[PDB]
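A.B. asks: Just passing along the structure, written as structure tokens.
Each reported figure results from applying straightforward, stated rules to the coordinates on display, with no laboratory input. For neighbour counting, all protein chains shown are included, and Cβ atoms are generated from backbone atoms with ideal geometry for every residue, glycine included.
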Amino acid sequence: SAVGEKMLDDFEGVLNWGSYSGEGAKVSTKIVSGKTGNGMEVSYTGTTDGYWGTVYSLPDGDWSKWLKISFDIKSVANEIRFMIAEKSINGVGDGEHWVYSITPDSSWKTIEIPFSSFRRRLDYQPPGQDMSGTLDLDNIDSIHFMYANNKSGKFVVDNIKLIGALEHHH
Ligand SMILES: [Ca+2]
Ligand SMILES: [Ca+2]
């Protein structure tokens, strides 16, 4: 593993995130004040069968040198999911979905999730999933902030970054 970190989005540069929804649910995103400088506000309304999410599709899918994914989050409290999708076995589209549930609170908090802590999604898997039961870090398609339930809410994210190994002195 590599040491240190690699920033994916501090929201001070170009706009990278797209929105998607279906089956009654709705989502919208905008640039607002973040932890430092800019951040992205995600506003969602859920339905029983509805899905929503915001997605950054990655140009380079090889994350095999990294160990964790980190982000700052704050509510504007409803549970949501951070999701990592592998690349499809058919070449185009999303593959195996891997999830971690998080609940944004009133104050800014840093959430660091090791890749080994992600769980294989069971409510949905896309047709291009590899069914391997292992999160293949060398084959990453995209990252998502997405629905976990049928409820509504608003949150802000900032400082999305990869974390490698720490330099332990003892
Ligand atoms: Ca920022
Ligand atoms: Ca897999």
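A.B. asks: What ³J(HN,Hα) values, in whole Hz, does the Karplus curve 6.51 cos²θ - 1.76 cosθ + 1.60 give for segment 131-137 when θ = phi - 60°, with x put for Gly and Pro?
C.D. replies: For segment 131-137, the Karplus-derived couplings read 6, 7, x, 10, 6, 8, 5 Hz, x marking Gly and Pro.
A.B. asks: Cα to Cα, under 17 Å, and not fewer than 8 places away if on the same chain: which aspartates and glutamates meet these conditions relative to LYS154?
C.D. replies: Candidates past the 8-residue exclusion: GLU41, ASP72, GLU79, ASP105.
A.B. asks: Moving to a separate point now. List, in the order given, every pair from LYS30/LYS65; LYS6/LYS151; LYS26/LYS65; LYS68/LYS109 whose Cα-Cα distance in the structure shown is over 28 Å. Spell out each step's value before the answer.
C.D. replies: Numbers: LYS30/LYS65 31 Å; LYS6/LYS151 33 Å; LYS26/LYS65 36 Å; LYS68/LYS109 16 Å.
From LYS30/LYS65; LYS6/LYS151; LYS26/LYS65; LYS68/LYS109, over 28 Å: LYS30/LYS65; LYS6/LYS151; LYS26/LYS65.
A.B. asks: Determine the dipole magnitude for segment 75-148: charges of +1 sit on the beta-carbon of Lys and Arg, -1 on that of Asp and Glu, nothing else is charged, the reference point is the Cα centre, and the result goes in debye to the nearest 20.
C.D. replies: With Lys and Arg at +1 and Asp and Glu at -1, about 180 debye.
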